[PDB]
Amino acid sequence: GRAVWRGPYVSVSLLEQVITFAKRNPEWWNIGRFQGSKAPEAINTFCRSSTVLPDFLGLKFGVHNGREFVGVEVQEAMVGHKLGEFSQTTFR
Amino acid sequence: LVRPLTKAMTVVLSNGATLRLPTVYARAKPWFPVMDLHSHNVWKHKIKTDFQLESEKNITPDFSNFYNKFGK
Amino acid sequence: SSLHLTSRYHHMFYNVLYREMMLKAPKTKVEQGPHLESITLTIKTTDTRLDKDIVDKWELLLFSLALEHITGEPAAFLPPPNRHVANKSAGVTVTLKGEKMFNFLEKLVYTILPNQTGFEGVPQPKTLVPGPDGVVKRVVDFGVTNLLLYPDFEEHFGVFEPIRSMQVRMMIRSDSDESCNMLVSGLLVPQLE
Amino acid sequence: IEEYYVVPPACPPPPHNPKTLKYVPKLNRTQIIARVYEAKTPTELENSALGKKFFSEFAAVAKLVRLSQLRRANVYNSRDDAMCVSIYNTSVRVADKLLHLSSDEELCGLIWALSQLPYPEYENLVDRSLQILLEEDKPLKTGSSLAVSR
Amino acid sequence: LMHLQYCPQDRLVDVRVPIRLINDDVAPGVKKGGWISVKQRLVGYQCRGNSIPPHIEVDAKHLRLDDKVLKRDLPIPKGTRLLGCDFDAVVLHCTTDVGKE
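Residues numbered from 1 in each chain as written, not as in the entry; some residues may be left out. Chains lettered and ligands numbered in written order. Part of a larger assembly, values for the part shown. Heavy atoms only, no water.

As stated in the entry header, the method of structure determination is cryo-EM and the reported resolution is 3.2 Å.

So, in structure tokens, the structure goes:
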């Protein structure tokens, strides 16, 4: 994968989406997210190649798969992977 | 039809306490379990003090355990 | 005599734990309180490497010997499923009461259960059909999947290699399911809920 | 193949439903003591105060005191002797559990009753009563000479 | 044949008192299309000779569908008490079922 000494990749567009979300919901971002409350809304994105951050913990992401935005709620075990690994593009 | 003789062995816990427990065979060296009741997380009392309750109520975001893998 | 002839848990239950339960759950009569009656240990063919519902007794001698080491009392073969089959059994069993019951519980909780990987708590009790005496009894069932954690099967490992798992049942007499949980907690056995 | 059972729910009595339409008046400590003393036979003494509500420390003392009077004043057969033995055995055991709640007069009577009765003394009932009254202040403040005399 | 009991004014007697309904026409359940079904016409009471209730008056003016009135809710006039221990027994039931006939 990407060389560890060069760091991760995260898209700039994804960061802007999260920053706007935090401003809209300051109370949940600071306190609610850690007591266990669910996110008040979801963030739709096309950034399937971005890495999942633990600051994205309790966040709900709608990841595009070609047709719709598949909901993905971040868990601790999903840390370190790409958003595109949890949104399937083919169906049988 | 004949029951076996039961002997005693010394078992040392994580806290240094010793217990005598039955055993079919005899062991001269004390036995050290890998995990005991005190070390295991399930056997923990749920009584909390006011100081602990206040700490849980007042928590601010802490993002260190992730993005540290970057700064290195 | 340098022999284990006492019982730590026996002293704890009658001299320490019993009074505490009375304070928590007052009852009109002294004898009206939680009591542990017996513990049954069973090994069936489905818990062994042998793949057959009905097996010969000479194939179950090893498992019967294993229970003797664990419990210190001889075990017995299960009754044949039918009169037609006589020399074949379906497992072994042993029942303990009194001091021997308490000693087994102490060793299991303190040493073996904490070293079992996937343990969170014992299931909730189940109420059985009252017998002719009209007494309601509750049973708590769980299994031990790693029998090679006892320090007794190390003298001859190759002999005891096939020993895999065992099932345990406890019978409790009490006025309500909540009382059963209180007794189990007093025994230092976490309950899964 | 193992069936399971469901315990039927309990039946709490409805409120405002009288337990009885008969007239059963309330009894205080004074009335119970009078009833216990006004007994003529061991059977009446046995039935003068029964149950944990009436068979209290003061009732146990009264039974022993009255039993001594009846034993001295009358001669009994085998059946009545058995009744007297039952009265003594139960009263002392109750005293051994509620001794700390007794009053000065009750303790004075208990010592007198135990001395008169011929049955074996309980564990240390006399010694315990002496210890409580050994402060030397209760006997001096005992207004009723009856307790001191006993 | 007629059986009678000598009943002074100071005696305790066991009487099976009938149950009566009041304001059954004005009820939400009846208006919707339901009906009030009586499961126990008579209920046991212990009464004194001087006070025997001619009947028990149960008001159903505020009963909707699936409303059940149990023995606990029955009035207990002065000088009488309910008999037996089988409380929590259905006496009235406002329903629409007609027995599935």
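There is more to say, and it comes next.
Draft legend 1. Focus on the interface of chain C and chain B. Listed by partner, the interface residues are 27 residues for chain C and 26 residues for chain B. When the area that chain C buries against chain B is broken down by residue, the three leading residues are C:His4, C:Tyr110 and C:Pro114, summing to 23%. Scanning the region where chain C abuts chain B turns up 1 salt bridge. The shortest N-O distance in the salt bridge between B:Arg27 and C:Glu154 comes to 3.9 Å. (Contact = heavy atoms within 4.5 Å. Buried area = accessible area lost by both parts, 1.4 Å probe. Salt bridge = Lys/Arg side-chain N within 4 Å of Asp/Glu carboxyl O.)

Draft legend 2. A look at the arrangement of the chains. In this assembly 4 pairs of chains touch, with chains B and C having more contacts than any other pair. Regarding chain B and chain D, the two do not touch, and the least distance separating their C-alpha atoms is 30 Å. The two units chain A and chain E never meet; even their closest C-alpha atoms stay 38 Å apart.

Draft legend 3. Layout of the packing of helix 3 (residues 57–73) of chain D against helix 4 (residues 78–95) of chain D. Residues and elements named next belong to chain D. Relative to each other, helix 3 and helix 4 sit at 150°, their axes nearing to 9 Å. You can see that helix 3 and helix 4 cross each other, and the crossing is left-handed. Two secondary-structure elements touch here, helix 3 through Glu57, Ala60, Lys63, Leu64, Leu67 and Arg71 and helix 4 through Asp81, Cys84, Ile87, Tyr88, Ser91, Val92, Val94 and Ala95. For the contact of helix 3 with helix 4, the residue count by class is 9 nonpolar, 1 polar and 4 charged. (Axes fitted to C-alpha atoms, helices over the stretch in contact; angles between N-to-C directions. Helix = DSSP H or I, 4+ residues; strand = E, 2+ residues; numbered from the N terminus. Left-handed = near helix turned anticlockwise from the far one by under 90°. Nonpolar A, V, L, I, M, F, W, Y, C, P; charged D, E, K, R; others polar.)

Draft legend 4. Expanded view of the sheet that holds strand 2 (residues 60–64) of chain A. Residues and elements named next belong to chain A. One open sheet accounts for 3 strands, arranged 1-2-3; its pairing is mixed. Sheet topology places strand 1 (43–45) and strand 3 (69–73) at the edges, where each strand pairs with a single neighbour. Going across the sheet, the axis of each strand differs from the next one's by a mean of 30°, ignoring polarity. Looking at chain direction, strand 2 and strand 3 are connected through 5 bridges and run antiparallel. Bridging across to strand 3, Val63 finds its partner in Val70. (Pairing = 2+ DSSP bridges.)

Draft legend 5. Structural view of the packing of aromatic side chains. Inspection of every chain in the model, using the stated rule, returns 15 aromatic pairs over all chains. With 6.4 Å between their ring centres and 90° between their planes, C:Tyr150 and C:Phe153 make a pair best called edge-to-face. With respect to class, C:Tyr150 is no different from C:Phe153; both count as buried. Aromatic ring contacts, followed pair by pair, group A:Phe21, A:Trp28, A:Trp29 and B:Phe63 into a single cluster. (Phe/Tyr/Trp six-rings, centres within 6.5 Å; stacked < 30°, edge-to-face > 60°. Buried < 20%, exposed > 50% of the residue type's maximum accessible area, 1.4 Å probe, protein only.)

Draft legend 6. Structural view of the interface of chain D and chain C. Each partner contributes residues to the interface: chain D has 5 residues there, and chain C has 8 residues. Roughly 580 Å² is buried in total at the junction of chain D and chain C, and carbon and sulfur atoms are behind 62% of that figure. Here chain D and chain C share 1 salt bridge between them. Between D:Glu2 and C:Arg169 there is a salt bridge, with its nearest N and O atoms 3.3 Å apart. Counting across the chain D and chain C interface gives 3 residue pairs in polar contact. Residues of the side of chain D that touches chain C, tallied by class, amount to 3 nonpolar, no polar and 2 charged. (Polar contact = N/O pair within 3.5 Å; in protein donor to acceptor, adjacent residues only side chain to side chain.)

Draft legend 7. Seen up close, the pattern of salt bridges. If you walk through the whole model with that rule in mind, you get 22 salt bridges over all chains. Its salt-bridge partner being B:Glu54, residue B:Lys57 comes within 3.1 Å of it at the nearest N-O pair. Taken together, the residues B:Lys57 and B:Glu54, both in helix 1 (residues 50–57) and 3 residues apart, mark about one turn of the helix. Of the charged contacts in the structure, one is a salt bridge between C:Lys27 and C:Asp175, with a shortest N-O distance of 2.4 Å. One end of the pair, C:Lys27, is in the loop between helix 1 (8–24) and strand 1 (35–44); the other, C:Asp175, is in the loop between strand 8 (166–173) and helix 5 (177–186), with 148 residues separating them in the sequence. Judged by relative accessible area, which is 44%, C:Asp175 ranks as partly exposed. Linked through salt bridges whose partners overlap, the residues forming this network are C:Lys126, C:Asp141, C:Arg169 and D:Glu2.

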